[PDB]
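S.K.: Can you read through this structure? Questions will come right after.
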Amino acid sequence: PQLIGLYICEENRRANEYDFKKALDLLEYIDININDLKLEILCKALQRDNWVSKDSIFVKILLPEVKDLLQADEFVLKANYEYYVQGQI
Amino acid sequence: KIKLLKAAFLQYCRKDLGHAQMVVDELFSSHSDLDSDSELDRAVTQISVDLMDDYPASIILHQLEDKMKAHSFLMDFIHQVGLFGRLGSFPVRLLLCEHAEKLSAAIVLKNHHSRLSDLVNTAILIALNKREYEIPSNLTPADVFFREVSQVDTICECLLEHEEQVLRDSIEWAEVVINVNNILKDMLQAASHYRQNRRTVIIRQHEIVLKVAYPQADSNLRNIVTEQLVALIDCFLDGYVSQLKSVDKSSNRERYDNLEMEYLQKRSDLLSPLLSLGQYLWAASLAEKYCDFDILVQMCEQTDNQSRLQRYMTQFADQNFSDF
């Protein structure tokens, strides 16, 4: 937890594809809410994007892990979530 | 009504464990059913197709594989309980099962291919159809881009045209316009071999023929050939599907069946001319793919000194002599 949360802090400025990929590798290292964080991190994965990185991390994973409607809780989020239904397929 | 398609969707759930009980809800179906062929039987077609649409709406790949098996024991739990009738294919919407099969093997063929350029053209293709929930859950999604993946092909083409407007063509930019050619190609190779195990779709293919024609104008030799063996791999799947629809329709209403001939015949002529600059080593295979289109392979044999080819053409032919 501390790691996942520290790898994603707004303090970690140069956070790149590898910082999140490893902040999604440290989920099998748990033993509380899994899929709350799964979102917390994919979301700061976009704040840093300044609507490239979301792009790559979906390129690094290789999928019904990620959420959606729950997420927006927007023009290229769905737009990348279409060539993400073609990729997984 | 909704109470019925939710009663067979409940009998298929039990059709995985045992049958006896489900075979009596299909027996209660045949007696309690309407049984007027012309639309009430296309009211249980609109049910079997509303559950094939929901086994397609359903670990994103191993989860879409589990769904081509599910829609495979759903096509076996229809063949047995039978389910030996209904067909509301009409216009735009039995061929509908196969089609939803073919597009679930397409969904697994672009799931097997996941890189940063296609995942970007997909996120642009889904944000354009609607907004995405930002509670993580960002594939940005697939289970609905499967029931409709046909759309992530006409959009991962508009994202090769805006990635070609910046391509500045310059060599690495003609390598990104082929990487997409190779995927839409082997996604059409996957729907062909799923039929062996048995006007937007087409426009996006005649659009990348012409863009695969503009690029070989500036391209290192070998590359200009591999995108030519590709646009020959793709054109040979379109001409095969207009041949299969012809053979599907015949006789009365012929006027419409001899007007669709002139339309495929003005295109095997527009795919031939296009290949008139290209290599004729592929002409032999394009002439055999739409296994007549002789006017093109007959003028390729005329432009060269191969009076040996036009003798090899007439050697294996049905009335080509009266044609040459």
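Read top to bottom, the protein sequences are chains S2 and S1.
Using the deposited numbering, the letters of the first sequence correspond one by one to residues 1029 to 1059, 1064 to 1083, 1095 to 1105, 1119 to 1129, 1141 to 1156.
Using the deposited numbering, the letters of the second sequence correspond one by one to residues 518 to 575, 596 to 630, 638 to 713, 718 to 746, 775 to 900.
Where is the CB? At the ideal position from N, CA and C, for every residue including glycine.
What do you reckon, are the CB atoms on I699 (chain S1) and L669 (chain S1) nearer than 7 Å?
M.R.: Their beta carbons are under 7 Å apart, which means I699 (chain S1) touches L669 (chain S1) by this criterion.
S.K.: Which residues share a DSSP beta bridge with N1147 (chain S2)?
M.R.: Per DSSP, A667 (chain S1) and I668 (chain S1).
S.K.: Could you please give the first and the last residue of the uninterrupted alpha helix (DSSP H) stretch that includes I779 (chain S1)?
M.R.: Looking at the DSSP string, the run of the alpha helix (DSSP H) that includes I779 (chain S1) is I779 to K787.
S.K.: What's the C-alpha gap between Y1046 (chain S2) and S740 (chain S1)?
M.R.: Straight-line Cα distance between these residues: approximately 39 Å.
S.K.: Where does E556 (chain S1) land, buried or exposed, given buried means 16+ other C-beta within 10 angstroms?
M.R.: With fewer than 16 Cβ atoms within 10 Å of its Cβ, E556 (chain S1) is classed as exposed.
S.K.: So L1052 (chain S2) and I1073 (chain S2) are supposed to be a Cβ contact under 8 Å. How far apart are they, rounded?
M.R.: Contact flag correct, Cβ pair sits at about 7 Å.
S.K.: Going along the chain, which residues of its own chain have a beta-carbon closer than 7 Å to the beta-carbon of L736 (chain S1), five neighbours each way excluded?
M.R.: If we look at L736 (chain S1) and ignore the five residues flanking it on each side, its Cβ neighbours are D810 and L813.
S.K.: Pick helix, strand or coil for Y1057 (chain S2), following the three-state DSSP scheme.
M.R.: It is coil, neither helix nor strand.
S.K.: Considering only their Cβ atoms, is the gap separating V1143 (chain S2) from residue 495 (chain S1) smaller than 7 Å?
M.R.: The structure shown does not extend to residue 495 (chain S1), since chain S1 is modelled only from 518 through 900, so no value can be given for it.
S.K.: Closer than 6 Å by C-beta to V561 (chain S1): which residues in its own chain qualify, once you throw out the five before and the five after it? Chain order, please.
M.R.: Closer than 6 Å at the Cβ level, and outside the excluded window around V561 (chain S1), lie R623.
S.K.: On the three-state DSSP scale, how would you describe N796 (chain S1)?
M.R.: Coil, per DSSP.
S.K.: Compare the C-beta of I1064 (chain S2) with all C-beta atoms of chain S1 and state if any pair is closer than 7 Å.
M.R.: Chain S1 contact via Cβ: absent.
S.K.: Tell me which same chain residues have a C-beta within less than 8 Å of the C-beta of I871 (chain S1), skipping the five on either side of it?
M.R.: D845 and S848.
S.K.: Thinking C-alpha only, which one of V728 (chain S1), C876 (chain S1) and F900 (chain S1) is nearest residue 750 (chain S1)?
M.R.: It's not possible to place residue 750 (chain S1) here, given that chain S1 moves directly from 746 to 775.
S.K.: For chain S1, is any of its Cβ atoms less than 7 Å away from the one on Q1153 (chain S2)?
M.R.: Closer than 7 Å: yes.
S.K.: Can you pull the chain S1 neighbours of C1037 (chain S2), defined as C-beta to C-beta under 8 Å?
M.R.: None at all; the shortest Cβ gap to chain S1 is about 18 Å.
S.K.: Anything in chain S1 within Cβ reach of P1029 (chain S2), meaning under 9 Å, just list it in chain order.
M.R.: The contacting residues do not exist; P1029 (chain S2) stays about 17 Å from chain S1 at best.
S.K.: Please tell me whether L663 (chain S1) has its Cβ less than 7 Å away from any Cβ of chain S2.
M.R.: It does; some Cβ of chain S2 falls within 7 Å.
S.K.: Determine whether the beta carbon atoms of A667 (chain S1) and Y1148 (chain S2) lie at a separation below 7 Å.
M.R.: Against a cut-off of 7 Å, the Cβ pair of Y1148 (chain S2) and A667 (chain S1) comes out as a contact.
S.K.: So, is the C-beta of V724 (chain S1) closer than 7 Å to a C-beta in chain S2?
M.R.: Not an interface residue.
S.K.: Between the stretch 677–689 of chain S1 and chain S2, which residues of the former have a C-beta closer than 8 Å to a C-beta of the latter?
M.R.: If the cut-off is 8 Å between Cβ atoms, the stretch 677–689 of chain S1 has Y677, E678, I679, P680, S681, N682, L683, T684, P685, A686, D687, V688 and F689 near chain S2.
S.K.: Note down, in chain order, every chain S1 residue with its Cβ under 7 Å from the Cβ of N1147 (chain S2).
M.R.: Ordered by position in chain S1, the residues that pass the 7 Å Cβ test against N1147 (chain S2) are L663, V664, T666, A667, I668, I670, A671 and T684.
S.K.: Between which residues of its own chain and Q563 (chain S1) is the CB-CB distance below 7 Å, once the five residues before and five after are set aside?
M.R.: Excluding sequence neighbours, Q563 (chain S1) sits near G625.
S.K.: Would you report the Cα separation of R531 (chain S1) and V540 (chain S1), rounded to the nearest angstrom?
M.R.: Those two C-alpha atoms are separated by around 10 Å.
S.K.: Given that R780 (chain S1) touches chain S2, what residues does it touch there, using C-beta distances under 9 Å?
M.R.: Those do not exist, as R780 (chain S1) stays about 13 Å from chain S2 at its closest Cβ, beyond 9 Å.
S.K.: In this structure, how does DSSP classify residue 636 (chain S1) when only helix, strand and coil are distinguished?
M.R.: Residue numbering in chain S1 jumps from 630 to 638; residue 636 (chain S1), which lies between, is not modelled.
S.K.: Mind checking which residues open and close the alpha helix (DSSP H) that includes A607 (chain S1)?
M.R.: Per DSSP, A607 (chain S1) belongs to the alpha helix (DSSP H) from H599 to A607.
S.K.: Rank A607 (chain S1), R887 (chain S1) and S694 (chain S1) by C-alpha distance to the C-alpha of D533 (chain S1) and give the top, closest one.
M.R.: Minimum Cα distance to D533 (chain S1) is reached at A607 (chain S1).
S.K.: Relative to the C-alpha of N1065 (chain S2), which candidate in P1029 (chain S2), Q1127 (chain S2) and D1081 (chain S2) has its C-alpha closest?
M.R.: Answer by Cα proximity: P1029 (chain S2).
S.K.: I need the straight-line Cα distance from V817 (chain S1) to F1101 (chain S2), nearest angstrom please.
M.R.: So the alpha carbons of these two residues sit roughly 34 Å apart.
S.K.: So what's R831 (chain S1) in DSSP terms, helix, strand or just coil?
M.R.: In this structure, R831 (chain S1) counts as helix in the three-state DSSP scheme.
S.K.: Taking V618 (chain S1) and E543 (chain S1) to be in contact with their CB atoms under 8 Å, please state how far apart those CB atoms are, rounded to whole angstroms.
M.R.: Contact holds; Cβ gap of about 5 Å.
S.K.: From the beta carbon of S553 (chain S1), is the nearest beta carbon of chain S2 less than 7 Å away?
M.R.: Chain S2 contact via Cβ: absent.
S.K.: Identify the continuous alpha helix (DSSP H) that holds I1032 (chain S2) and give its terminal residues.
M.R.: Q1030 to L1034 is the span of the alpha helix (DSSP H), which, as asked, contains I1032 (chain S2).
S.K.: Give me the Cα-Cα distance between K1103 (chain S2) and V710 (chain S1), rounded to the nearest whole angstrom.
M.R.: So the alpha carbons of these two residues sit roughly 25 Å apart.
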